[PDB]
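*Asks:* Supplied structure: run_35.tsv, TSV, C-alpha atoms and all ligand atoms.
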chain	number	residue	atom	x	y	z
A	9	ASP	CA	87.83	105.45	84.68
A	10	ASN	CA	86.50	101.90	84.87
A	11	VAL	CA	86.21	99.15	82.29
A	12	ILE	CA	84.31	95.87	81.99
A	13	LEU	CA	86.09	92.52	81.43
A	14	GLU	CA	83.75	89.82	80.06
A	15	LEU	CA	84.77	86.20	80.43
A	16	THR	CA	83.20	83.03	79.15
A	17	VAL	CA	84.34	80.30	81.55
A	18	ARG	CA	83.54	76.73	82.39
A	19	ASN	CA	80.97	76.44	85.19
A	20	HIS	CA	83.06	74.12	87.37
A	21	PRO	CA	84.28	74.50	90.95
A	22	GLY	CA	87.45	76.52	91.42
A	23	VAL	CA	87.14	78.53	88.22
A	24	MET	CA	86.26	81.82	89.93
A	25	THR	CA	89.13	81.45	92.43
A	26	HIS	CA	91.74	81.09	89.67
A	27	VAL	CA	90.47	84.21	87.89
A	28	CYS	CA	90.40	86.49	90.94
A	29	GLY	CA	93.65	85.00	92.20
A	30	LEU	CA	95.41	86.71	89.29
A	31	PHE	CA	94.04	90.05	90.53
A	32	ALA	CA	94.70	89.21	94.20
A	33	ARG	CA	98.43	88.57	93.82
A	34	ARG	CA	98.91	91.90	91.99
A	35	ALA	CA	96.82	93.86	94.54
A	36	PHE	CA	94.41	94.79	91.75
A	37	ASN	CA	90.98	95.47	93.24
A	38	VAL	CA	87.82	94.28	91.48
A	39	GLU	CA	85.02	96.76	92.01
A	40	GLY	CA	82.11	94.73	90.67
A	41	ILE	CA	81.38	91.15	89.67
A	42	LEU	CA	78.50	89.46	87.95
A	43	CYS	CA	78.58	85.77	87.10
A	44	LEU	CA	75.67	84.02	85.45
A	45	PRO	CA	75.34	80.50	84.04
A	46	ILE	CA	74.62	80.16	80.35
A	47	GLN	CA	71.46	78.11	79.77
A	48	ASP	CA	71.79	74.67	78.18
A	49	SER	CA	75.59	74.68	78.50
A	50	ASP	CA	78.41	73.97	80.92
A	51	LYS	CA	79.65	77.56	80.71
A	52	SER	CA	79.05	80.76	82.64
A	53	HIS	CA	79.49	84.42	81.76
A	54	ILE	CA	81.55	86.68	84.06
A	55	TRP	CA	81.55	90.47	83.99
A	56	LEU	CA	84.29	92.16	86.01
A	57	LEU	CA	84.39	95.88	86.68
A	58	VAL	CA	87.95	97.10	87.21
A	59	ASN	CA	89.81	100.40	87.07
A	60	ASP	CA	91.58	100.77	83.74
A	61	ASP	CA	95.27	100.39	84.27
A	62	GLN	CA	98.53	99.92	82.40
A	63	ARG	CA	98.75	96.40	83.91
A	64	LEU	CA	95.40	95.23	82.56
A	65	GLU	CA	97.01	94.44	79.18
A	66	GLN	CA	99.52	92.06	80.78
A	67	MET	CA	96.65	90.61	82.76
A	68	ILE	CA	94.39	89.87	79.81
A	69	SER	CA	96.80	87.41	78.22
A	70	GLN	CA	97.20	85.58	81.51
A	71	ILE	CA	93.43	85.30	81.94
A	72	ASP	CA	93.11	83.99	78.38
A	73	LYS	CA	95.72	81.27	78.89
A	74	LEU	CA	93.83	79.82	81.88
A	75	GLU	CA	92.42	76.42	80.98
A	76	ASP	CA	88.83	77.12	82.06
A	77	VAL	CA	88.63	80.59	80.48
A	78	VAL	CA	87.01	80.16	77.06
A	79	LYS	CA	87.17	83.78	75.97
A	80	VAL	CA	87.97	87.18	77.48
A	81	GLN	CA	86.84	90.57	76.08
A	82	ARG	CA	87.40	94.12	77.33
A	83	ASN	CA	85.34	97.33	76.79
A	84	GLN	CA	82.45	95.62	75.08
A	85	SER	CA	79.90	96.33	77.82
A	86	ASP	CA	79.17	99.81	78.99
A	87	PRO	CA	80.45	100.16	82.57
A	88	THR	CA	77.17	101.60	83.79
A	89	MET	CA	75.64	98.12	83.81
A	90	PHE	CA	76.61	97.85	87.48
A	91	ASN	CA	75.05	101.20	88.33
A	92	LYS	CA	71.90	99.82	86.70
A	93	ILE	CA	72.00	96.68	88.85
A	94	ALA	CA	72.84	98.77	91.92
A	95	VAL	CA	69.49	100.53	91.53
A	96	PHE	CA	67.70	97.28	92.33
A	97	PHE	CA	69.98	95.44	94.78
A	98	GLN	CA	71.76	97.66	97.29
B	9	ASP	CA	66.43	74.08	95.28
B	10	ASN	CA	68.91	76.89	95.80
B	11	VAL	CA	69.93	79.33	98.50
B	12	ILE	CA	71.34	82.85	98.32
B	13	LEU	CA	74.13	83.91	100.66
B	14	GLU	CA	74.67	87.61	101.28
B	15	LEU	CA	78.18	88.36	102.52
B	16	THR	CA	79.17	91.78	103.79
B	17	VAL	CA	82.88	92.10	103.08
B	18	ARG	CA	85.61	94.68	103.05
B	19	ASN	CA	86.24	96.00	99.54
B	20	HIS	CA	89.96	95.21	99.28
B	21	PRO	CA	92.02	93.03	96.89
B	22	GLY	CA	92.05	89.30	97.50
B	23	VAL	CA	88.73	89.15	99.29
B	24	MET	CA	86.90	87.42	96.46
B	25	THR	CA	89.68	84.85	96.18
B	26	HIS	CA	89.51	83.85	99.84
B	27	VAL	CA	85.72	83.45	99.65
B	28	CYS	CA	85.63	81.36	96.49
B	29	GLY	CA	88.67	79.47	97.72
B	30	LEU	CA	86.52	77.87	100.39
B	31	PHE	CA	83.98	76.58	97.85
B	32	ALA	CA	86.84	75.43	95.60
B	33	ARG	CA	88.58	73.50	98.40
B	34	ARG	CA	85.31	71.61	98.92
B	35	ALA	CA	84.69	71.01	95.17
B	36	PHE	CA	81.53	73.05	95.67
B	37	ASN	CA	80.25	74.86	92.63
B	38	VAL	CA	78.93	78.43	92.82
B	39	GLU	CA	76.10	79.01	90.38
B	40	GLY	CA	75.67	82.80	90.49
B	41	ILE	CA	77.67	85.72	91.83
B	42	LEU	CA	76.95	89.40	92.22
B	43	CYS	CA	79.30	91.85	93.93
B	44	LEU	CA	78.59	95.60	94.34
B	45	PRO	CA	80.37	98.22	96.45
B	46	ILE	CA	78.42	99.86	99.25
B	47	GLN	CA	78.24	103.59	98.59
B	48	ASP	CA	80.31	105.86	100.85
B	49	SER	CA	82.01	102.96	102.65
B	50	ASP	CA	84.96	100.60	102.37
B	51	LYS	CA	82.61	97.56	102.26
B	52	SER	CA	80.89	95.54	99.54
B	53	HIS	CA	78.10	92.98	99.28
B	54	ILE	CA	78.67	89.59	97.67
B	55	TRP	CA	75.59	87.58	96.75
B	56	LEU	CA	76.19	83.91	96.05
B	57	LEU	CA	73.61	81.58	94.57
B	58	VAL	CA	74.48	78.01	95.56
B	59	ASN	CA	72.62	74.72	95.57
B	60	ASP	CA	71.35	73.85	99.03
B	61	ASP	CA	73.57	71.25	100.58
B	62	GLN	CA	74.36	69.57	103.88
B	63	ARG	CA	77.91	70.95	103.95
B	64	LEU	CA	76.61	74.48	103.59
B	65	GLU	CA	75.90	75.31	107.24
B	66	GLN	CA	79.48	74.39	108.16
B	67	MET	CA	80.67	76.29	105.08
B	68	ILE	CA	78.80	79.37	106.29
B	69	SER	CA	80.53	79.38	109.67
B	70	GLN	CA	83.93	79.22	107.98
B	71	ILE	CA	83.02	82.10	105.68
B	72	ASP	CA	82.17	84.15	108.77
B	73	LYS	CA	85.57	83.33	110.28
B	74	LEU	CA	87.39	85.09	107.42
B	75	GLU	CA	89.08	88.30	108.71
B	76	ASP	CA	87.55	90.25	105.89
B	77	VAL	CA	83.97	88.96	106.00
B	78	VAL	CA	82.08	91.21	108.35
B	79	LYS	CA	78.85	89.13	108.24
B	80	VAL	CA	77.12	86.34	106.36
B	81	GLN	CA	73.38	86.13	105.85
B	82	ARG	CA	71.31	83.42	104.29
B	83	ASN	CA	68.06	83.77	102.36
B	84	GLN	CA	67.82	87.41	103.41
B	85	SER	CA	67.83	88.51	99.76
B	86	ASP	CA	65.23	88.66	97.03
B	87	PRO	CA	65.15	84.95	96.07
B	88	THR	CA	64.59	85.70	92.37
B	89	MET	CA	67.33	88.36	92.11
B	90	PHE	CA	69.48	86.27	89.77
B	91	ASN	CA	66.57	85.40	87.52
B	92	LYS	CA	65.82	89.14	87.40
B	93	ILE	CA	69.39	90.09	86.57
B	94	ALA	CA	69.59	87.33	83.95
B	95	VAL	CA	66.58	88.78	82.18
B	96	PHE	CA	68.56	91.92	81.16
B	97	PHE	CA	72.16	90.68	80.74
B	98	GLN	CA	71.56	87.38	78.95
C	101	LIG	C1	84.85	92.70	97.25
C	101	LIG	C2	85.82	91.90	96.38
C	101	LIG	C3	85.30	91.79	94.95
C	101	LIG	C4	87.20	92.56	96.39
C	101	LIG	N1	87.16	93.88	95.79
C	101	LIG	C5	88.24	91.71	95.65
C	101	LIG	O1	88.84	92.21	94.69
C	101	LIG	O2	88.49	90.54	96.01
C	102	LIG	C1	81.90	80.21	87.08
C	102	LIG	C2	82.24	80.08	88.57
C	102	LIG	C3	81.18	80.81	89.39
C	102	LIG	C4	82.33	78.58	88.97
C	102	LIG	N1	81.01	77.95	88.94
C	102	LIG	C5	82.94	78.36	90.37
C	102	LIG	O1	82.26	77.78	91.26
C	102	LIG	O2	84.11	78.72	90.65
What would the structure in this file look like if it were written as structure tokens?
*Replies:*
Amino acid sequence: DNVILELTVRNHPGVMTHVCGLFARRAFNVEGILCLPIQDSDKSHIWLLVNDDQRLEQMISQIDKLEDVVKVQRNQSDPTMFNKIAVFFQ
Amino acid sequence: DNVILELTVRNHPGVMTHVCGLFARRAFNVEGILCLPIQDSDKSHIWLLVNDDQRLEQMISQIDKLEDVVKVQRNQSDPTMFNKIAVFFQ
């Protein structure tokens, strides 16, 4: 099964590298990404599609403690959002 | 004005970190990101929306030199794709 991670982050350089770096060093593959800026703010929203995994719980607290991560939520977006997007942009 | 870069990359851990690492190491902000797997293959597409910039041509050649980037295209994508995605997920 897959699950969506939703992040509110600051829209500054380097922020996306720190987030995926946590997945990279654990060899945890990210299957889908969507990052959009939030209008009239210095923040962006990030949706990550990842396989559910016993390690994701340890990984959520380390994403939250990153300085430029405002908020992180899991399983609050139905995973098929990326199959919906995939219908328009292959 | 902006530009969309379409990377074709291998769908393995750490790939997204190497790619955003190069924008981070040049204090270059990425405004929009979309990443989807390519069906029935070990590859994925990464679409990056970035502000047009004089460093960008050189940045594009270094993206292509990454082991795991099979190709990099530029403005070969629907230019409004991020405004279309934003209309349903914001
Ligand atoms: C293609 C990319 C998102 C890769 N799966 C990664 O985790 O870095
Ligand atoms: C939010 C993210 C895309 C950030 N703007 C970055 O360039 O790392």
*Asks:* For ligand LIG 101 (chain C), which of A:85, A:66, A:98, A:25 is the closest residue, counting all atoms listed in the file?
*Replies:* A:25
*Asks:* Taking all atoms of ligand LIG 101 (chain C) that the file lists, what box with edges along x, y and z, padded by 8 Å per side, do you get, with centre and edge lengths in Å to one decimal, as AutoDock Vina command-line options?
*Replies:*
--center_x 86.8 --center_y 92.2 --center_z 96.0 --size_x 20.0 --size_y 19.3 --size_z 18.6
*Asks:* Given all atoms listed in the file as the basis, pick out the residue of B:23, B:64, B:15, B:42 nearest to ligand LIG 102 (chain C).
*Replies:*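 Looking at the shortest contact to ligand LIG 102 (chain C), the residue is B:42.
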*Asks:* Suppose you want the space between atom CA of residue 38 of chain A and atom CA of residue 51 of chain A; what is it in Å?
*Replies:* 21.5 Å
*Asks:* Which residue gives the smallest distance to residue 94 of chain B among B:77, B:17, B:41, B:67, with all atoms listed in the file counted?
*Replies:*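 Looking only at the distances to residue 94 of chain B, the closest residue turns out to be B:41.
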*Asks:* Give as a ChimeraX atom specification the residues surrounding ligand LIG 102 (chain C) up to a distance of 7 Å, considering all atoms listed in the file.
*Replies:* /A:17-25,43,52 /B:28,31-32,36-41
*Asks:* Can you work out the spacing between atom CA of residue 70 of chain A and atom CA of residue 27 of chain A in Å, to one decimal?
*Replies:* 9.4 Å
*Asks:* Give me, as a list in words, all polymer residues having an atom no more than 12 Å from residue 95 of chain A, counting all atoms listed in the file and skipping those fewer than 2 positions away in the same chain.
*Replies:* residues 88, 89, 90, 91, 92, 93, 97 and 98 of chain A; 44, 46, 47 and 93 of chain B
*Asks:* What is the distance, in Å and to one decimal place, between atom CA of residue 65 of chain B and atom CA of residue 14 of chain B?
*Replies:*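 Atom-to-atom, atom CA of residue 65 of chain B to atom CA of residue 14 of chain B, that is 13.7 Å.
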*Asks:* I'd like to know which of B:71, B:78, B:56, B:13 is closest to chain A, using only C-alpha atoms.
*Replies:*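 Once distances to chain A are computed over only C-alpha atoms, the minimum belongs to B:56.
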*Asks:* Taking into account only C-alpha atoms and all ligand atoms, which residue in the set B:73, B:34, B:82, B:53 is nearest to ligand LIG 101 (chain C)?
*Replies:*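 For ligand LIG 101 (chain C), the nearest of the candidates is B:53.
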*Asks:* Find the residue from A:16, A:49, A:59, A:81 that sits nearest to ligand LIG 101 (chain C); use all atoms listed in the file when measuring.
*Replies:*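 The closest residue to ligand LIG 101 (chain C) is A:59.
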